[PDB]
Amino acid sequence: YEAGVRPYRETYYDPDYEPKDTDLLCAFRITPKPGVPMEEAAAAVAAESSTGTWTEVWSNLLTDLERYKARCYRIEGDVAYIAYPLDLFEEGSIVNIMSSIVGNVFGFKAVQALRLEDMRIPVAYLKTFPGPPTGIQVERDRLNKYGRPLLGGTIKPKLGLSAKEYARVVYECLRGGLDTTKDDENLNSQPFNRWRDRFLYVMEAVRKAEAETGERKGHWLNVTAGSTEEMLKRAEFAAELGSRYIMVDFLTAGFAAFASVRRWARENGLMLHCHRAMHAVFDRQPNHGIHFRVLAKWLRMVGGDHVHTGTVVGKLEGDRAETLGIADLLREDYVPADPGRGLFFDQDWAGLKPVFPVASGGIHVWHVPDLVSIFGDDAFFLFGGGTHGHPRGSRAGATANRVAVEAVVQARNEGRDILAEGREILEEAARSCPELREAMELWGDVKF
């Protein structure tokens, strides 16, 4: 034992280290404090997210730190690659992953900015997670909906509607052609719209639209609440009412409570829509935070049946190439690394079920060719304002959106160039769909 401060890089930078298949790997984009070399900043991150602290401690000799320490094993420009032994992590706990990987290292004086870009979850650790409770293919079977994107939409105004008027809007949307509708992420239980009232009114409207259309419907009833116990109480009521779905804001509720609801959802046979509210607080800026592709991996591990991925073309920010990579991470059995999409690692998904991407936010009929081109069939497209903002209201808007999606799907199946002919495809459909004609006219001037 030699007391005293040593540079972090002495113990935690090891560019000769060869990662094991069981290691968890991180790619961090590092902005060192001016004067601090990349090697020392990267080693600081490795040390303070695994075993080390700021000075040598006598108790380091009471264990084999060579067995347990994280190691920065590669630095490419400002990207540091760090390997973490499998033994460092609690089985089945995303919460533990976060507590190590993003716990303290984003606040060090020596590292002025830090962004977690990607993470390689090893198969041996992935096997301790349950994954989605339903999965894309089982969900399609429960809905009896194949060969096309699924249609949804958030009820608007976000807040302020009574339970009765809220369910009226739900009914009009489902009756007009949407497969699903959803509570806004911030609609939980409030004086103007209490959750028990909303759940009862809405399921009546869902049943009525299902009977009248002859198609299966769902509403994503938001069980997000102030405590885990309260969330599970709201889920139980949704199950009692025969809802196919519940919805959780998995980041604002938090991963521990999210895990509790996932367990409940699987055991009670309901599908779990996951809203990513708060994600942009820390995934927006390229110099600091956690890229969404990491959150998407953690989501698939805990188990959501859908998660929002962005639209690329709508009102909220989202890079096209990054979104294509995120879609693959959610849906495929194995995703090879791709620097063009910010996928720093190969990701084997170890047989876990796939997750539906959900494209929502500021989209309307003119975006449908782009969205089908981006996502293919296995996605939800959500039209909130793009449904209720139709000149003739929600039911007509739902018809316009549903017809537009089916027209573009048909064109793709016929081998047409759905981007090169997108407007022509929509105009053909509009000739026998007045609602689509009226939607195209209203929003023809609205781009982001």
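The first residue of the sequence shown is number 1, and the count goes up from there.
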>> Mean Cα B factor from the PDB record: higher for 338-346, or higher for 172-180?
In response: 338-346
>> Averaging CA B factors per stretch from the PDB record, which one is higher: 221-229 or 317-325?
In response: 317-325
> Lowest, middle or highest third: where is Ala239 by C-alpha B factor in its chain?
Replying inline: middle
> Ranked by Cα temperature factor within the chain, is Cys26 in the lowest third, the middle third or the highest third?
Replying inline: lowest
> Is the Cα B-factor recorded for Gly385 in the lowest, middle or highest third of its chain?
Replying inline: lowest
> Based on the entry's values, in what third of the chain does the Cα temperature factor of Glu204 lie: lowest, middle or highest?
Replying inline: highest
> Taking the C-alpha B-factors as the PDB entry records them, is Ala80 in the lowest, middle or highest third of its chain?
Replying inline: middle
